[PDB]
Amino acid sequence: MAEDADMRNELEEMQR
Amino acid sequence: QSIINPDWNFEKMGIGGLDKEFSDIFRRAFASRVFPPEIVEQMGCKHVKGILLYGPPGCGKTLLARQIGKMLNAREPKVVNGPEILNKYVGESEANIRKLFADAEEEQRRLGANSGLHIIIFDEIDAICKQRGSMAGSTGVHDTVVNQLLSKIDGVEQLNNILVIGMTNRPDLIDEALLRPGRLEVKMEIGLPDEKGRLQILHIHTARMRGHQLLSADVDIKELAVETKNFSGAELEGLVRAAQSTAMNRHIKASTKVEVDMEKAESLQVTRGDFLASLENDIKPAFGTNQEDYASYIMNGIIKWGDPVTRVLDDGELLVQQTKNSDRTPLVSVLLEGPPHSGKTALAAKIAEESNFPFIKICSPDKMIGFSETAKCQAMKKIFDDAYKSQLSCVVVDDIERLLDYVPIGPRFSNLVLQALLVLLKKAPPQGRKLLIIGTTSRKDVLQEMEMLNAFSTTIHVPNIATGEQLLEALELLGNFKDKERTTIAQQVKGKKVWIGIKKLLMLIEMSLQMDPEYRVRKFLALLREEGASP
Amino acid sequence: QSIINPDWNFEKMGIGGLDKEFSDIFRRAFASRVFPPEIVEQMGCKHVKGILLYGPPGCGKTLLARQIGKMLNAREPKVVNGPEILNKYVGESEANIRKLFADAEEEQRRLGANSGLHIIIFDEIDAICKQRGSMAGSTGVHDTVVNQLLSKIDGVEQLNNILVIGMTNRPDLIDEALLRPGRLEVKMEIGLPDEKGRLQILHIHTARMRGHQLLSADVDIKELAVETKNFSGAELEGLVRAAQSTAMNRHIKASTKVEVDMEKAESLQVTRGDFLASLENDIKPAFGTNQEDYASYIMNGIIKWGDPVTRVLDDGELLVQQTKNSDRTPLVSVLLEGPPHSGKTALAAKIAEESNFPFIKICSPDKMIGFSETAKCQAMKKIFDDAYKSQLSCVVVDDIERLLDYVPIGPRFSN
Amino acid sequence: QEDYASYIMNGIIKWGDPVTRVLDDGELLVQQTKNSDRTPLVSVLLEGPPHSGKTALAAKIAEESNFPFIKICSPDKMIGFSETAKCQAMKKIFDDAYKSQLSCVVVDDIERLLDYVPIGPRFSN
Ligand SMILES: Nc1ncnc2c1ncn2[C@@H]1O[C@H](COP(=O)(O)OP(=O)(O)OP(=O)(O)O)[C@@H](O)[C@H]1O
Ligand SMILES: Nc1ncnc2c1ncn2[C@@H]1O[C@H](COP(=O)(O)OP(=O)(O)OP(=O)(O)O)[C@@H](O)[C@H]1O
Ligand SMILES: Nc1ncnc2c1ncn2[C@@H]1O[C@H](COP(=O)(O)OP(=O)(O)OP(=O)(O)O)[C@@H](O)[C@H]1O
Ligand SMILES: Nc1ncnc2c1ncn2[C@@H]1O[C@H](COP(=O)(O)OP(=O)(O)OP(=O)(O)O)[C@@H](O)[C@H]1O
Ligand SMILES: Nc1ncnc2c1ncn2[C@@H]1O[C@H](COP(=O)(O)OP(=O)(O)OP(=O)(O)O)[C@@H](O)[C@H]1O
C-alpha cells in the first residue's frame, strides 16, 4: 500500500 | 463623457497579428457604451461584464489586458496575482473576495446609472476557480471561494458598472457555471501567428533602432519573416535582443578588468551576420519539426544515381497537390515499400519537407524505447490530435514492423497497436481540414496477411542499384576513387549485374578505405563479391 | 556606480575548464548593464532576468553561481535551499514566495530606472517547480506555488531590476512556461572537461602548495593530466586532498598516545609516490574505468596457441581504427561467434581494453538475476544513456542468448 | 442530435435499383417495430463487400425514422481502450436507450469492435 499523503490545516482564533 | 481616452491610437499600443481578435472584442464589449445613450435605452439591453483569454504560453494575453486597461477612461484597475486571496483563518478568503466589489456597489447605489466603469483583472484564474467537488484535500475553502465569487458576480442585487477579465492556460479545468452567458461571455483564443503577423511583430520590435539609424542597411525583414517559422512573439523579441547583445559585445574587453572603448561605441551598427549567428546558436523554437530533426533523418543528403530517384519525388509531389486541392477526399494515404537498406526514411522525410505545410510531424519507434502497448497508443493518439487541431497537416510513420513488435517465430505482435492504426487510417478530421499520411515498411507480405494493405490509397516502390552503370555513377557522385582506380573497377563490374543498397555501399567504401593504398580496390571488390545477389 | 566591482579579476574566480560558458553568460546577461545608458535607451531593449544551469553531479554549478553572486556590486543575494518554503497552513507557502520580491518592487516604485540589482538563487529548483497536471482529478500536490512564481516573475506590473539563477540535475521535469524566452532565457549544460581543463584545474588546486615550496620536484602535472581521463572537478580535488593526507600522516604516531614529531614537520614535502598510491587505492571515477573488471573477465590471461588469435586481434584493431577516424559512419557494430568454451568474451574484453577509449563499459547478465523484462530494458537504457555523454565510447554485450531468456523447448523468449 | 453530416459526407445518389430496395426494407422493418406488441425487439444485419456504403445507408435508415431516441456506437471513440471499457460504454448506451418508449441503436464495424485478426486468429471474447 501507499502511505496517505501530507495534508494542509485550517485554524481558528479565540478572544480573551 | 466618453469612456475612451481622447489621445488614444491603435498603433500606439504596439500589438501585431491580433487585429481580428481585437475587432471582435471591441464589437462585443464596448459597442454599447460608446453609442448614444437614448437609443440604447430605447433598446433596453444590458452591458457585457466578462472576458476570458486562453492559449499557449508566450502569445500576448497579459499585453492585451494591460493595454485594454490603459485604453479606458476610468479608475485604476484592480489586479489579483494568482492565489493572493488564500488565508489560514475561517471566513478570511471570502472577505478578501467581497472587498473587491465594495466601491462598485457604493457608486451604483449612490449615482445609479450615471456612474463610471470599474475594472478587475484575474491573472492565472485557473488556480482559484475549478469545478466544484474535485479536490480530495483542502476543498472546504475552495468550494466556498467559488460559491462566493459566483454569488458576487451575478446575484439578487444587480450591478451595471463592472468588467472582469481572466487569462488562463488550462481552460478545461474551470467551472462551467462561471462561463455561462451573463458572467463570462466573450471567450477568445490567442495562438501562433502566420507570416504576415510575424512580419508585423518584427517591424514593431525594430522601430526605434531604425529611427535612430542604429540598424544596418543589409538587413531584410522579409527574409527573417520567411525564415522564422513556428516562432511566437516572445521568441521573435528574444532574437532581436540576442542580436543587439552580439552587436554590443564587440566594444567590451574583459580579460583582467572590464573596459569599454567609448570611441568606437559611437558608430555602432547591427548587421545581418549577428542575426544569422543568433538564429543558429541561441534561439530555438519549441514547436513542430525543426532543422535538428532533418539533420538526423537525412544525414548524407540525396544523390541522383538513377531515374527512379526522380520518379518517387514526382509521385510524392502529385499526391501532395491532390491533398492540397481536392475537397471530396480530405484524407489521403500512401505506403513506401522496398528491400532493406534502400533509403525509404530519407525519401519520406524529403517529401514531407518539400510539402511546405504548416504542420509536419514524424512518429518513430526510437523515441519510445521500452514502452508498453498503452503508452505507444497514447503517444500516437496525442500526435494525431495535435495534427487534427491544424488546418492542413502531414504525418509520417516509419518502420511500421517495429511499431508493432513483429518476430517471425510464433509469430508474435501487438494487436492493440494494430487495431489503433487500422482505426486511425480511416478517420477524417473536422470538416474543412485536410491531412496527409505517409508510411514506410520493409515487409509488405506480412502487412498483406494482417489486412492492412487495403487501408492505404496507393503504394510506391523503392528499388536497389541493379546495374554497373548506376554503381559507377554513384561512385563518381561520391568522389571516393580516382579515375585510375575506377577504370579497374569498371573492368570488373560492367560485365555483371549488381544488387546493392545505397546504405550498404557507404559502409563498404569506409571499410575498404582502412586498407593500405595498395590494397583498397582489391578489398572493395572482395567485399562486393561476398555480397552476392538475390533480385 | 559601475555594476562590476572595481577589484574584480577573472583569475581570482578559481574556475578552470569553462571559458566558453562564462563568455556566453557574460555576453547574454551583463553586456547591456555595462554599456553606456544613453545608447541603450535609444535601442528600447529590456534586460535578461533568468539563467538555468544543468548537468551531472560534481562539475561546478554551485561554485559558478556563488562566484557570479560575488562578482557583482549589489545587495547581498537571497538563497533558497530546496523545499525551504513549504508550510502546513493554507496560504502560507505562497506568502513565502511573495516575500522574496518585496524589496525589488519597493525600490523600483521609488527610484525608477536608477535602482540597483537584486539576485535570487534557487538550489534544487525541481523540488518545487514540476509540471502542472492539467487534467481533472490529477491535479498536482501544489500547483499554486508554481502559479505564484509564474505570476511574480512576469506579470501585469513590470520589474527591470531582478536576476534569478537555478540549478538542477533533472531538467526534463521542469514546467514549460517557466523556461520561455521571457522568464529563464539562458540555459547552459556543465559537463566533463577535457585534458586542457584538467590541467587548468590541477594548476588552480596546486598553486598555493607551489607557492611555499611544499611540493617535491619529481612531480609533473602534465603527466597527471594525461593519466586522469574522464574525471570531474571534484575528483581531482579529492585526489590532491588524499595525497596531502598521506604526506601528513608520516609524521604522526598513534597507539598509546597521539604525538607529532614537531622537528621533521619542517622538512615536509609531497612526492610522486603519494599521488600514485592515491590513484590506486582511494579515488575511483564514475565515467572512467578501472583495472579490476578486466581482471574479472580476463582471468587466466591470453596465450598465442595458433594463427586465429592474431587474425581476431587484427580484425578488432581495424574496426577500432575505422570508428575513430570515420565521419560518414559514426556507429559500427560487430558480432563474435563460435562454439562453446572457445573463449570469445575474453577476446572481446582484450579488444576493448586495447582500444584505449576514455569510456568503456560491459553489460552482463550476471547483474540481472531475477529481473523482469521491464527492469532489464531500463538497465540497458541506463547503460546506453551514460555513453552518449562522451566523445568516444565502446560497449560490450555479452551472452545475448542469456539476455533474451531463450530455451529450445516451445521455444520461449522475451520479445 | 447525432452529427449525421460526418457519417453521410457526400449524400446518396440512386445509381441503380438496389438502393431503393434497401431503403424500402428498412422502412418496412421500422413499421414493424412501431406497430407490434408480440415482438418488442427486432434486429437486422447489413452485409456486403468493402467500399459499398453500408454505414451511410444505415445512418439514412436510422434518420428517416422519427423515434425520440437515436444513437450510434462506433469504434472511432474507443481507441486504446481495454476490453472492459468497451463493455462499460456499450452497457451505458443501452441503459440510456432503455429509458425511452421507442429506441433505435446502430452498431457499426462489428469486426473492429471485437479486435479480429485472421492470424491465429485473435479476438476479444
Ligand atoms: N502579439 C504580440 N505582439 C508583440 N509582442 C508580443 C506579442 N505577443 C507577445 N509579445 C511579446 O512577448 C512578451 C511576453 O508576452 P506575454 O507576457 O503577453 O505573454 P502571455 O501569453 O501572457 O504569457 P504566458 O502564457 O507565458 O503567461 C510581451 O511582453 C511582448 O514583449
Ligand atoms: N538517393 C538517396 N536516397 C536515399 N538515401 C540516400 C540517398 N543518397 C544518400 N542517402 C543516404 O543513405 C541513407 C539512407 O538510409 P535510410 O535510413 O533512409 O534507409 P532505410 O532503407 O530506411 O533503412 P533500413 O532498411 O536499415 O531500415 C541516409 O544516410 C541517406 O542520407
Ligand atoms: N570546474 C571546476 N573548477 C574548479 N574546481 C571545481 C570545478 N568543478 C568542481 N570543482 C570543485 O568541486 C567542488 C564541488 O563542486 P560543486 O559544488 O560546484 O558541484 P555541483 O555541480 O553543484 O554538484 P551537485 O550536482 O552534486 O550538487 C567545488 O567547490 C570545487 O572545489
Ligand atoms: N588465447 C586465449 N583466448 C581466449 N581465452 C583464453 C586464451 N588463453 C587463455 N584463455 C582463458 O580462457 C578462458 C576463456 O573463457 P571464456 O569465459 O572467454 O569462455 P567462452 O568462450 O565465453 O565460454 P562459455 O560462454 O560457453 O562459457 C579465460 O580464462 C581466458 O583467460
Ligand atoms: N448511393 C450511395 N450509397 C451509399 N453511399 C453513398 C452513395 N453515394 C455516395 N455515397 C457516399 O459513399 C460513402 C459510402 O460510405 P462509407 O464510406 O461509410 O462506406 P462503407 O462501405 O461502410 O466503408 P468501409 O469499406 O470503409 O467499411 C459515403 O461517403 C457516402 O456518403
# chains A, B, ... in the order shown; residues from 1 in each chain; ligands from 1
>>> residues_around(residues="residue 101 of chain B", least_positions_apart="5", cutoff="10 Å", atoms="only C-alpha atoms", output="list in words")
residues 96, 106, 118, 120, 152, 153, 159 and 162 of chain B
>>> interface_residues(of="chain C", to="chain B", cutoff="7 Å", atoms="only C-alpha atoms", output="PyMOL selection string")
chain C and resi 8-10+27-28+31-32+42-45+89-91+134+136-137+144+147-148+151+156+177+181-182+322+377
>>> write_last_selection(atoms="N, CA, C and O atoms", output="short mmCIF file (atom, residue, chain, number, x, y, z; two decimals), in the first residue's frame")
data_model
loop_
_atom_site.label_atom_id
_atom_site.label_comp_id
_atom_site.auth_asym_id
_atom_site.auth_seq_id
_atom_site.Cartn_x
_atom_site.Cartn_y
_atom_site.Cartn_z
N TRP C 8 37.50 43.35 -9.30
CA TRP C 8 37.23 42.02 -9.82
C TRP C 8 38.24 41.63 -10.89
O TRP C 8 38.66 42.47 -11.70
N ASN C 9 38.63 40.36 -10.89
CA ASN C 9 39.54 39.80 -11.87
C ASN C 9 39.04 38.41 -12.23
O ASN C 9 38.47 37.72 -11.39
N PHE C 10 39.22 38.01 -13.49
CA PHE C 10 38.75 36.68 -13.89
C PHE C 10 39.56 35.58 -13.21
O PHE C 10 39.01 34.54 -12.85
N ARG C 27 28.11 37.62 -22.09
CA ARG C 27 27.58 38.33 -23.25
C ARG C 27 26.07 38.47 -23.17
O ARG C 27 25.52 39.54 -23.45
N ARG C 28 25.37 37.40 -22.78
CA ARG C 28 23.91 37.43 -22.82
C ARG C 28 23.28 38.17 -21.64
O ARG C 28 22.19 38.72 -21.80
N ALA C 31 26.09 42.29 -20.72
CA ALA C 31 26.59 43.24 -21.71
C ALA C 31 25.80 44.54 -21.69
O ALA C 31 26.38 45.63 -21.79
N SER C 32 24.48 44.46 -21.57
CA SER C 32 23.64 45.65 -21.62
C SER C 32 23.69 46.47 -20.34
O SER C 32 23.32 47.65 -20.37
N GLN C 42 18.33 54.46 -26.51
CA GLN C 42 17.97 54.65 -27.91
C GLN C 42 17.59 53.35 -28.61
O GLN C 42 17.06 53.40 -29.72
N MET C 43 17.83 52.20 -27.98
CA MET C 43 17.53 50.91 -28.58
C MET C 43 16.21 50.32 -28.10
O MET C 43 15.64 49.48 -28.80
N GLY C 44 15.72 50.73 -26.93
CA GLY C 44 14.46 50.22 -26.42
C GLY C 44 14.46 48.73 -26.13
O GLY C 44 13.52 48.03 -26.50
N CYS C 45 15.50 48.24 -25.46
CA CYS C 45 15.64 46.82 -25.15
C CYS C 45 15.62 46.60 -23.64
O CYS C 45 16.18 47.39 -22.88
N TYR C 89 0.03 25.31 6.92
CA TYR C 89 -1.18 26.12 6.95
C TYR C 89 -1.52 26.62 5.56
O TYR C 89 -0.64 26.88 4.73
N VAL C 90 -2.82 26.75 5.30
CA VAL C 90 -3.29 27.13 3.97
C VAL C 90 -2.86 28.56 3.67
O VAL C 90 -3.01 29.46 4.50
N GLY C 91 -2.32 28.77 2.47
CA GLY C 91 -1.94 30.09 2.02
C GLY C 91 -0.62 30.60 2.54
O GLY C 91 -0.27 31.75 2.26
N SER C 134 -2.77 19.46 -15.36
CA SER C 134 -3.66 19.90 -16.43
C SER C 134 -4.70 18.84 -16.79
O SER C 134 -5.15 18.77 -17.93
N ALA C 136 -8.35 17.04 -14.92
CA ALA C 136 -9.25 16.98 -13.77
C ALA C 136 -9.08 15.65 -13.04
O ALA C 136 -9.03 14.58 -13.65
N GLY C 137 -8.98 15.74 -11.71
CA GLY C 137 -8.75 14.56 -10.90
C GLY C 137 -7.31 14.11 -10.84
O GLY C 137 -7.02 13.09 -10.20
N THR C 144 -0.32 25.76 -6.85
CA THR C 144 -0.49 27.17 -6.52
C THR C 144 0.86 27.87 -6.40
O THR C 144 0.98 29.05 -6.75
N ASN C 147 2.05 28.64 -9.90
CA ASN C 147 1.29 29.77 -10.43
C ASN C 147 1.78 31.08 -9.83
O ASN C 147 1.92 32.09 -10.54
N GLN C 148 2.02 31.10 -8.52
CA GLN C 148 2.51 32.31 -7.87
C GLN C 148 3.87 32.72 -8.42
O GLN C 148 4.10 33.91 -8.69
N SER C 151 3.43 34.14 -11.96
CA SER C 151 2.83 35.47 -11.94
C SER C 151 3.81 36.51 -11.40
O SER C 151 3.76 37.67 -11.83
N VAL C 156 1.52 41.66 -14.75
CA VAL C 156 0.99 42.94 -15.21
C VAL C 156 1.90 44.08 -14.78
O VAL C 156 2.17 45.01 -15.55
N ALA C 177 6.29 26.59 -19.09
CA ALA C 177 6.07 28.03 -19.11
C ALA C 177 7.18 28.78 -18.39
O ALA C 177 7.36 29.98 -18.62
N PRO C 181 11.41 32.37 -23.43
CA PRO C 181 12.42 33.44 -23.54
C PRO C 181 12.17 34.64 -22.64
O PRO C 181 13.02 35.54 -22.61
N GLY C 182 11.05 34.71 -21.93
CA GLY C 182 10.78 35.87 -21.10
C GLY C 182 11.06 35.67 -19.62
O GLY C 182 11.10 36.66 -18.87
N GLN C 322 38.65 2.35 -37.75
CA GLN C 322 37.59 2.94 -38.57
C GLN C 322 36.64 3.77 -37.72
O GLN C 322 36.24 4.86 -38.12
N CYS C 377 15.19 -3.83 -19.61
CA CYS C 377 15.17 -2.73 -20.58
C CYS C 377 15.64 -1.43 -19.94
O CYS C 377 16.41 -0.68 -20.54
#
>>> residues_near_ligand(ligand="ligand 3", cutoff="10 Å", atoms="only C-alpha atoms and all ligand atoms", output="mmCIF file with C-alpha atoms, in the first residue's frame")
data_model
loop_
_atom_site.group_PDB
_atom_site.id
_atom_site.type_symbol
_atom_site.label_atom_id
_atom_site.label_comp_id
_atom_site.auth_asym_id
_atom_site.auth_seq_id
_atom_site.Cartn_x
_atom_site.Cartn_y
_atom_site.Cartn_z
ATOM 1 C CA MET C 13 37.377 33.264 -9.517
ATOM 2 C CA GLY C 14 39.201 29.935 -9.320
ATOM 3 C CA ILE C 15 37.239 28.137 -12.102
ATOM 4 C CA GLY C 16 39.104 26.051 -14.757
ATOM 5 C CA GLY C 17 37.670 24.326 -17.871
ATOM 6 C CA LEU C 18 34.590 26.539 -18.615
ATOM 7 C CA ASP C 19 35.747 29.642 -20.613
ATOM 8 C CA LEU C 53 22.436 25.513 -15.239
ATOM 9 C CA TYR C 54 22.142 21.743 -15.608
ATOM 10 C CA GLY C 55 24.440 18.741 -15.774
ATOM 11 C CA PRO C 56 25.656 15.654 -13.922
ATOM 12 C CA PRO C 57 26.785 15.755 -10.273
ATOM 13 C CA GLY C 58 30.117 17.309 -9.359
ATOM 14 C CA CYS C 59 31.043 19.558 -12.303
ATOM 15 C CA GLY C 60 30.832 23.085 -10.862
ATOM 16 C CA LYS C 61 27.347 24.624 -10.907
ATOM 17 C CA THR C 62 27.158 25.835 -7.299
ATOM 18 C CA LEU C 63 30.687 27.245 -7.421
ATOM 19 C CA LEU C 64 29.821 29.174 -10.587
ATOM 20 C CA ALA C 65 26.627 30.582 -9.066
ATOM 21 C CA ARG C 66 28.466 31.626 -5.896
ATOM 22 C CA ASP C 123 19.066 25.467 -5.391
ATOM 23 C CA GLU C 124 17.414 22.159 -6.322
ATOM 24 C CA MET C 167 20.351 24.657 -10.616
ATOM 25 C CA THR C 168 19.107 21.115 -11.213
ATOM 26 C CA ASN C 169 20.092 17.571 -12.178
ATOM 27 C CA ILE C 190 28.036 21.932 -17.438
ATOM 28 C CA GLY C 191 29.766 18.645 -18.431
ATOM 29 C CA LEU C 192 33.054 16.775 -18.092
ATOM 30 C CA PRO C 193 36.277 18.613 -19.015
ATOM 31 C CA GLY C 197 40.603 21.791 -18.471
ATOM 32 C CA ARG C 198 42.016 19.073 -16.229
ATOM 33 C CA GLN C 200 43.898 24.101 -15.559
ATOM 34 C CA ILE C 201 42.064 22.641 -12.553
ATOM 35 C CA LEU C 202 45.217 20.928 -11.287
ATOM 36 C CA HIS C 203 47.142 24.203 -11.530
ATOM 37 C CA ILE C 204 44.364 26.029 -9.671
ATOM 38 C CA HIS C 205 44.406 23.486 -6.846
ATOM 39 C CA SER C 232 35.135 15.577 -12.785
ATOM 40 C CA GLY C 233 36.271 18.718 -10.978
ATOM 41 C CA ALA C 234 35.593 17.215 -7.542
ATOM 42 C CA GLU C 235 37.579 14.003 -8.047
ATOM 43 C CA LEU C 236 40.802 15.870 -8.843
ATOM 44 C CA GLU C 237 40.413 17.935 -5.671
ATOM 45 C CA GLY C 238 39.801 14.737 -3.719
#
>>> select_by_dssp(residues="segment 13-85 of chain B", states="strand (DSSP E or B)", output="compact mmCIF listing (two decimals) with C-alpha atoms, in the first residue's frame")
# COMPACT_ATOMS: atom_id res chain seq x y z
CA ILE B 51 -13.87 38.25 -20.96
CA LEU B 52 -11.74 35.08 -20.91
CA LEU B 53 -8.48 34.71 -22.86
CA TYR B 54 -6.80 31.34 -23.37
CA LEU B 72 -10.37 53.11 -20.98
CA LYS B 78 -7.59 46.06 -9.62
CA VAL B 79 -5.25 43.13 -10.33
CA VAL B 80 -5.06 39.80 -8.49
CA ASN B 81 -1.75 37.94 -8.94
>>> atom_distance(atom1="atom CA of residue 316 of chain C", atom2="atom 1 (N, counted along the ligand's line) of ligand 4")
14.8 Å
>>> closest_residue(among="B:3, B:295, B:68, B:202", to="ligand 1", atoms="only C-alpha atoms and all ligand atoms")
B:202
>>> closest_atom_pairs(of="chain B", to="ligand 5", cutoff="9 Å", atoms="only C-alpha atoms and all ligand atoms", output="Markdown table")
| residue | atom | partner | partner_atom_place_in_ligand_line | distance |
| --- | --- | --- | --- | --- |
| B:328 | CA | ligand 5 | 29 (O) | 8.9 |
| B:426 | CA | ligand 5 | 26 (O) | 7.1 |
| B:455 | CA | ligand 5 | 26 (O) | 8.3 |
>>> residues_near_ligand(ligand="ligand 4", cutoff="10 Å", atoms="only C-alpha atoms and all ligand atoms", output="PyMOL selection string")
chain C and resi 295-306+308-310+337-350+398-399+402
>>> residues_near_ligand(ligand="ligand 2", cutoff="10 Å", atoms="only C-alpha atoms and all ligand atoms", output="JSON, numbers by chain")
{"B": [295, 296, 297, 298, 299, 300, 301, 302, 303, 304, 305, 306, 308, 309, 310, 336, 337, 338, 339, 340, 341, 342, 343, 344, 345, 346, 347, 348, 349, 350, 398, 399, 402, 440, 441, 442, 462, 464, 474, 477, 478, 501, 502, 503, 504, 505, 506], "C": [328, 329]}
>>> write_last_selection(atoms="N, CA and C atoms", output="CSV table (one decimal), in the first residue's frame")
chain,number,residue,atom,x,y,z
B,295,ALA,N,18.4,17.0,-39.9
B,295,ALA,CA,19.8,16.7,-39.9
B,295,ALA,C,20.0,15.2,-39.6
B,296,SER,N,19.2,14.7,-38.6
B,296,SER,CA,19.4,13.3,-38.2
B,296,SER,C,18.7,12.4,-39.2
B,297,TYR,N,17.6,12.7,-39.7
B,297,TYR,CA,16.8,11.8,-40.6
B,297,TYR,C,17.4,11.8,-42.0
B,298,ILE,N,18.1,12.8,-42.4
B,298,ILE,CA,18.8,12.9,-43.7
B,298,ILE,C,20.2,13.3,-43.4
B,299,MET,N,21.1,12.3,-43.2
B,299,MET,CA,22.4,12.6,-42.8
B,299,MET,C,23.4,12.8,-43.9
B,300,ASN,N,23.3,12.1,-45.0
B,300,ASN,CA,24.3,12.2,-46.1
B,300,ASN,C,23.7,12.8,-47.4
B,301,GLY,N,22.5,13.4,-47.2
B,301,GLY,CA,21.9,14.1,-48.4
B,301,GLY,C,21.2,13.1,-49.3
B,302,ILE,N,20.9,13.6,-50.5
B,302,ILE,CA,20.2,12.9,-51.6
B,302,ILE,C,21.0,13.1,-52.8
B,303,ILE,N,21.4,12.0,-53.5
B,303,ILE,CA,22.2,12.0,-54.7
B,303,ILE,C,21.4,11.2,-55.8
B,304,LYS,N,21.3,11.8,-57.0
B,304,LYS,CA,20.6,11.3,-58.1
B,304,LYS,C,21.5,10.3,-58.9
B,305,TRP,N,21.5,9.0,-58.4
B,305,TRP,CA,22.3,8.0,-59.0
B,305,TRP,C,21.5,7.3,-60.2
B,306,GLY,N,20.2,7.6,-60.3
B,306,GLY,CA,19.4,7.0,-61.4
B,306,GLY,C,18.1,7.7,-61.6
B,308,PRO,N,14.8,6.4,-61.0
B,308,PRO,CA,13.7,6.2,-60.0
B,308,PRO,C,13.8,7.2,-58.9
B,309,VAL,N,14.9,7.8,-58.6
B,309,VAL,CA,15.0,8.8,-57.6
B,309,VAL,C,14.1,10.0,-57.9
B,310,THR,N,14.0,10.4,-59.1
B,310,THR,CA,13.1,11.5,-59.5
B,310,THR,C,11.7,11.0,-59.6
B,336,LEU,N,5.4,3.6,-48.7
B,336,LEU,CA,6.6,3.4,-49.4
B,336,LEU,C,7.2,2.0,-49.0
B,337,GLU,N,7.5,1.2,-50.0
B,337,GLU,CA,7.9,-0.2,-49.8
B,337,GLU,C,9.1,-0.5,-50.6
B,338,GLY,N,10.0,-1.4,-50.1
B,338,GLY,CA,11.2,-1.8,-50.8
B,338,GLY,C,12.1,-2.7,-49.9
B,339,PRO,N,13.1,-3.2,-50.5
B,339,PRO,CA,14.0,-4.1,-49.7
B,339,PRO,C,14.8,-3.3,-48.7
B,340,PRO,N,15.5,-4.0,-47.8
B,340,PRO,CA,16.2,-3.3,-46.7
B,340,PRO,C,17.4,-2.5,-47.3
B,341,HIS,N,17.8,-1.5,-46.5
B,341,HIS,CA,19.0,-0.6,-46.9
B,341,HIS,C,18.8,0.1,-48.2
B,342,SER,N,17.6,0.5,-48.5
B,342,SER,CA,17.3,1.2,-49.8
B,342,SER,C,17.1,2.7,-49.6
B,343,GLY,N,16.8,3.2,-48.4
B,343,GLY,CA,16.7,4.6,-48.2
B,343,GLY,C,15.3,5.1,-48.3
B,344,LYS,N,14.3,4.5,-47.6
B,344,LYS,CA,12.9,4.9,-47.6
B,344,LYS,C,12.7,6.1,-46.6
B,345,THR,N,13.3,6.0,-45.4
B,345,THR,CA,13.0,7.1,-44.4
B,345,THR,C,13.5,8.4,-44.9
B,346,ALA,N,14.7,8.4,-45.6
B,346,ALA,CA,15.2,9.7,-46.1
B,346,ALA,C,14.3,10.3,-47.1
B,347,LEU,N,13.8,9.5,-48.1
B,347,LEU,CA,13.0,10.0,-49.1
B,347,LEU,C,11.6,10.5,-48.6
B,348,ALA,N,11.1,9.7,-47.6
B,348,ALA,CA,9.8,10.2,-47.0
B,348,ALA,C,10.0,11.5,-46.3
B,349,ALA,N,11.2,11.7,-45.6
B,349,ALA,CA,11.4,13.0,-44.9
B,349,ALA,C,11.6,14.1,-45.9
B,350,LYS,N,12.3,13.8,-47.0
B,350,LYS,CA,12.5,14.8,-48.1
B,350,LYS,C,11.1,15.2,-48.7
B,398,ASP,N,7.3,5.7,-39.9
B,398,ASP,CA,8.3,4.9,-40.5
B,398,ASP,C,8.6,3.7,-39.6
B,399,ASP,N,9.1,2.6,-40.2
B,399,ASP,CA,9.4,1.4,-39.5
B,399,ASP,C,8.1,0.8,-38.8
B,402,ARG,N,8.4,-2.3,-36.8
B,402,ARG,CA,9.0,-2.1,-35.4
B,402,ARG,C,8.0,-1.4,-34.5
B,440,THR,N,6.1,4.0,-44.1
B,440,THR,CA,7.2,3.2,-44.7
B,440,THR,C,7.3,1.8,-44.0
B,441,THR,N,7.7,0.8,-44.8
B,441,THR,CA,7.9,-0.5,-44.3
B,441,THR,C,8.9,-1.3,-45.2
B,442,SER,N,9.3,-2.5,-44.7
B,442,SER,CA,10.2,-3.3,-45.5
B,442,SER,C,9.7,-4.7,-45.7
B,462,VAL,N,10.5,1.4,-54.1
B,462,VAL,CA,11.8,2.0,-53.9
B,462,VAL,C,12.8,0.9,-54.2
B,464,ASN,N,16.6,-1.1,-55.7
B,464,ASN,CA,18.0,-1.2,-55.3
B,464,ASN,C,18.8,-0.7,-56.6
B,474,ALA,N,27.2,6.5,-59.1
B,474,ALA,CA,27.2,6.8,-57.7
B,474,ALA,C,28.6,7.0,-57.2
B,477,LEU,N,29.7,10.4,-58.2
B,477,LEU,CA,29.0,11.4,-57.5
B,477,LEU,C,29.5,11.5,-56.0
B,478,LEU,N,30.1,10.4,-55.5
B,478,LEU,CA,30.7,10.5,-54.2
B,478,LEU,C,32.2,10.9,-54.2
B,501,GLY,N,22.2,-2.0,-51.9
B,501,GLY,CA,21.5,-0.8,-51.5
B,501,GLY,C,22.5,0.4,-51.3
B,502,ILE,N,21.9,1.6,-51.3
B,502,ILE,CA,22.7,2.8,-51.1
B,502,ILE,C,23.3,2.9,-49.8
B,503,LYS,N,22.6,2.4,-48.7
B,503,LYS,CA,23.1,2.5,-47.4
B,503,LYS,C,24.3,1.5,-47.1
B,504,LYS,N,24.3,0.4,-47.8
B,504,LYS,CA,25.4,-0.6,-47.7
B,504,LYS,C,26.6,-0.2,-48.4
B,505,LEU,N,26.5,0.5,-49.5
B,505,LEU,CA,27.7,0.9,-50.3
B,505,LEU,C,28.6,1.8,-49.5
B,506,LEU,N,28.0,2.8,-48.8
B,506,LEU,CA,28.8,3.6,-48.0
B,506,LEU,C,29.6,2.9,-46.9
C,328,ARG,N,31.5,9.6,-41.9
C,328,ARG,CA,30.2,9.2,-42.5
C,328,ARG,C,29.5,8.0,-41.7
C,329,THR,N,30.3,7.3,-40.9
C,329,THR,CA,29.8,6.2,-40.1
C,329,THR,C,30.2,6.3,-38.7
>>> atom_distance(atom1="atom CA of residue 357 of chain B", atom2="atom CA of residue 287 of chain B")
14.2 Å
>>> interface_residues(of="chain B", to="chain D", cutoff="7 Å", atoms="only C-alpha atoms", output="PyMOL selection string")
chain B and resi 374+377+416+419-420+423+450
>>> select_by_dssp(residues="chain D", states="alpha helix (DSSP H)", output="VMD selection string")
chain D and resid 4 to 7 17 to 34 54 to 64 83 to 99 110 to 113
>>> closest_residue(among="C:213, C:355, C:206, C:158", to="ligand 1", atoms="only C-alpha atoms and all ligand atoms")
C:158
>>> interface_residues(of="chain A", to="chain B", cutoff="12 Å", atoms="only C-alpha atoms", output="list in words")
residues 4, 5, 6, 7, 8, 9, 10, 11, 12, 13 and 14 of chain A
